[PDB]
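> Sharing an experimental structure here, sequence included.
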Amino acid sequence: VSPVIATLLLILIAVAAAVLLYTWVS
Amino acid sequence: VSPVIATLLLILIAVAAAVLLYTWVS
Amino acid sequence: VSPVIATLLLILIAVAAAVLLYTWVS
Amino acid sequence: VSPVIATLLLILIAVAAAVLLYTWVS
Amino acid sequence: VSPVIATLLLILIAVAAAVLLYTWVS
Amino acid sequence: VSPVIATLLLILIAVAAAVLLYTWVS
Amino acid sequence: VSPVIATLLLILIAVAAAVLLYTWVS
Amino acid sequence: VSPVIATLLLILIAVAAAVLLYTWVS
Amino acid sequence: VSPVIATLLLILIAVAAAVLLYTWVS
Amino acid sequence: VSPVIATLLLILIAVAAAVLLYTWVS
Amino acid sequence: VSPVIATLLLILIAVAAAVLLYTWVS
Amino acid sequence: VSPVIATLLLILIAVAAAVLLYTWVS
Amino acid sequence: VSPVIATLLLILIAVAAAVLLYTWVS
Amino acid sequence: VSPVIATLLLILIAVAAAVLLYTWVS
Amino acid sequence: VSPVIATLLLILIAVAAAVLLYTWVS
Amino acid sequence: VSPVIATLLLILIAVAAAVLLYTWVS
Amino acid sequence: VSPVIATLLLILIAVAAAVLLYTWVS
Amino acid sequence: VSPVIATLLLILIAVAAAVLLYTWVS
Amino acid sequence: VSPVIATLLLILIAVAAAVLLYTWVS
Amino acid sequence: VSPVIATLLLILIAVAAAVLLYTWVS
Amino acid sequence: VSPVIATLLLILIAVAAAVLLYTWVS
């Protein structure tokens, strides 16, 4: 069940990036 | 037990593709 | 790990619907 | 690697059913 | 993705309990 | 290559039984 | 031990076909 | 060493038939 | 597909433990 | 081609025994 | 060299019979 | 079908090791 | 039935090698 | 050339008897 | 019983060759 | 005991021919 | 010792004929 | 056709011994 | 019919020797 | 032509004795 | 009955020579 690990990685990056945006908008 | 490897490959692609979609919808 | 995607979909709908209600109550 | 498919089926049902419960509790 | 359900349960209890405290302090 | 079929049977039973347990624990 | 090769072939086809179905259901 | 050829024939049939069953059970 | 069950077990423990920490920090 | 039958027997036993071990380890 | 023919006959029967048994055991 | 058992062993180790890493990164 | 033993040997090597690759790709 | 006939008779018996033994050993 | 040896030789070659093909297909 | 030599010759041909057929069927 | 030659002739024919039968049965 | 019996005996021993080795390697 | 005995002797030696070779090749 | 009868007698004994030896060697 | 002895001699040579050929062909 490795794929699950990777599938969660890019997602976490999507969040971190999303955070670096919600700060630019605010 | 090679088939198992391939059977998991296309699936991983289905996930990667699914991710490239969940971002288009969001 | 597809199920996770679907399991989150209906939930998001439950939220959107919940929002369309919290506005009716307010 | 078919078993894996079935083993994931009933599980998905356990989730769907769980959802039909988390709504009854809320 | 069941764990997520449980992980949110005890947390909700931590909130309910926290509320039963913020009223005792006020 | 029959043995392979049987060897997979009891295993599938071990899974089904395991599922009937992961539900008792949860 | 040729039969083993063939016996695994149709099975692999059963998987590929199964995959072309798990996508139709999802 | 002909017998060996025949002895393997019916066996292969037992497999093919077994496959036409493992699909009915699944 | 048993490994998946175990792989999720220790993880759930990591969460429970994490919760027993997020309460100590708060 | 009898030997082949016996040669496969003890092997099947090695599998059954192996299974009675993979359960003790898990 | 006729005997050789007969000596192989009963043996083939021993195989056919053995097959009608390996199916009863399986 | 022993190889299958071993082929799954090292993989399980790859997971356990992967877990001992996902904790170091987090 | 020796050939069967050898025929399975190189195959096992193909798996071990395949594993030493699935780790390089991941 | 009669002797040849007899000389082959007892031999055939030695085979039949040998067969009634190879079955007891197997 | 020499023929048996040769009859098994070319067959083993058919397997080795078959293996050099199952790798080209995979 | 020459006949024995010839009697085995055509038989070997029957095998070689049989092999050139078991490949056409497979 | 001519008779011996003839006595072996018809026998060889009995073999050739027997072969033309073992092929019809197989 | 006795030799055939013996020629198969030592071979069977080579298999049994081979099995007592494939277990030491595994 | 003595010659037949000798003619079979050297042949048996050719087999034993052949066996001491099929083991060197394997 | 009596001598011929006797000359064949001792020979037949040489065969019978030879048989009582080929069994001791085998 | 001497001729019989000689008549069998050259024949035995024909066999020995035949053997020195069946080995060249094999």
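Structure received. Numbers count the residues shown, from 1 in each chain, chains lettered A, B, ... in the order given.
> drop to CA atoms for contacts and neighbour counts, all remaining ones
Will do.
> If you drop the residues flanking it in sequence, what lies closest to the residue of chain A found nearest chain H?
Going by C-alpha to the nearest C-alpha, chain H is nearest to residue A:1 of chain A, at 23.8 Å. Using C-alpha to C-alpha, 6 or more residues apart in numbering or on different chains and skipping the chain neighbours, the partner closest in space to residue A:1 is residue I:4 (6.1 Å).
> So what's the residue count around the one you found?
If you count neighbours by other C-alpha atoms under 10 Å in any protein chain shown, residue I:4 ends up with 12.
> before we move on, the earlier item: would you enumerate the residues in contact with the residue of chain A closest to chain H?
For residue A:1, the contacting residues are I:3-4, I:7, L:15, by C-alpha atoms under 8 Å, 6 or more residues apart in numbering or on different chains.
> who does the helix or strand residue A:12 falls within touch, helix- and strand-wise?
Using DSSP states H and E, residue A:12 falls within helix A:3-25. With contacts taken as 3 or more C-alpha pairs under 8 Å, 6 or more residues apart in numbering or on different chains; DSSP states H and E, helix A:3-25 sits against helix B:3-25.
> what about the helix it packs on, distance to the chain center?
Remark: helix B:3-25 is offset 1 Å from the chain centroid, using C-alpha atoms, centre = their mean, to the nearest Å.
> before we move on, what about stretch A:1-11?
That offset, for stretch A:1-11, works out to 11 Å (C-alpha atoms, centre = their mean).
> re earlier: how close does the residue of chain A closest to chain H get to chain J?
According to C-alpha to the nearest C-alpha, to the nearest Å, residue A:1 and chain J sit 17 Å apart.
> same thing with residue A:6?
In terms of C-alpha to the nearest C-alpha, residue A:6 sits 26 Å off from chain J.
> In chain A, what residue comes closest to chain C?
For chain A, C-alpha to the nearest C-alpha, closest residue to chain C: residue A:4, 6.1 Å.
> okay, now the residue nearest to residue A:2 when sequence neighbours are not counted: neighbour count?
Nearest non-adjacent residue to residue A:2, counting by C-alpha to C-alpha, 6+ apart: residue L:15, 7.0 Å away. By the criterion of other C-alpha under 10 Å, residue L:15 has 18 neighbours.
> try the one 5 residues further on
Burial of residue L:20 is recorded as 11 neighbouring residues (other C-alpha under 10 Å).
> how far away is it from residue O:13?
Counting by C-alpha to C-alpha, to the nearest Å, the separation of residue L:20 from residue O:13 is 47 Å.
> again, but for residue A:4
43 Å.
> got it, and residue A:22?
66 Å.
> what's the answer for residue A:24, then?
According to C-alpha to C-alpha, residue A:24 stands 69 Å off from residue O:13.
> Looking at the two now, which is surrounded by more residues?
Using other C-alpha under 10 Å, the more surrounded residue of residue A:24 and residue O:13 is residue O:13, with 11 against 8.
> so how far is chain K from the more buried one?
To chain K, residue O:13 is 27 Å away according to C-alpha to the nearest C-alpha.
> Equivalent analysis for residue A:26, please.
71 Å.
> Likewise for residue A:6?
Taking C-alpha to the nearest C-alpha, one finds residue A:6 at 43 Å from chain K.
> residues near that residue, how many?
14.
> same check, this time on residue A:3
By other C-alpha under 10 Å, the residues close to residue A:3 number 16.
> How about chain A: which residue is closest to chain E?
residue A:4 (11.7 Å).
> tell me the phi and psi of the residue in chain A that chain L sits nearest to?
Nearest residue of chain A to chain L: residue A:2, at 7.0 Å (C-alpha to the nearest C-alpha). When read as degrees, to the nearest 10, the backbone of residue A:2 gives phi -80, psi -50.
> Which residue is the nearest non-sequential neighbour of the closest residue to chain G within chain A?
With C-alpha to the nearest C-alpha, the shortest gap between chain A and chain G falls at residue A:3, namely 17.3 Å. Of all residues not flanking residue A:3 in the chain, residue B:12 sits nearest, at 6.8 Å (C-alpha to C-alpha, 6+ apart).
> burial count for that neighbour?
Neighbours of residue B:12 (other C-alpha under 10 Å): 17.
> So it versus chain Q, what's the distance?
52 Å.
> And residue A:2, by the same measure?
With C-alpha to the nearest C-alpha as the criterion, residue A:2 and chain Q are 55 Å apart.
> likewise residue A:20?
80 Å.
> Equivalent analysis for residue A:10, please.
65 Å.
> Please apply the same query to residue A:7.
For residue A:7, the distance to chain Q - C-alpha to the nearest C-alpha - is 60 Å.
> for that residue, what are its contacts?
B:15-16, C:1.
> got the contact list for the residue nearest to residue A:2?
So residue L:15 contacts A:1-2, I:7 (C-alpha under 8 Å, 6+ apart).
> Pick out the residue of chain A closest to chain R.
residue A:1 (25.6 Å).
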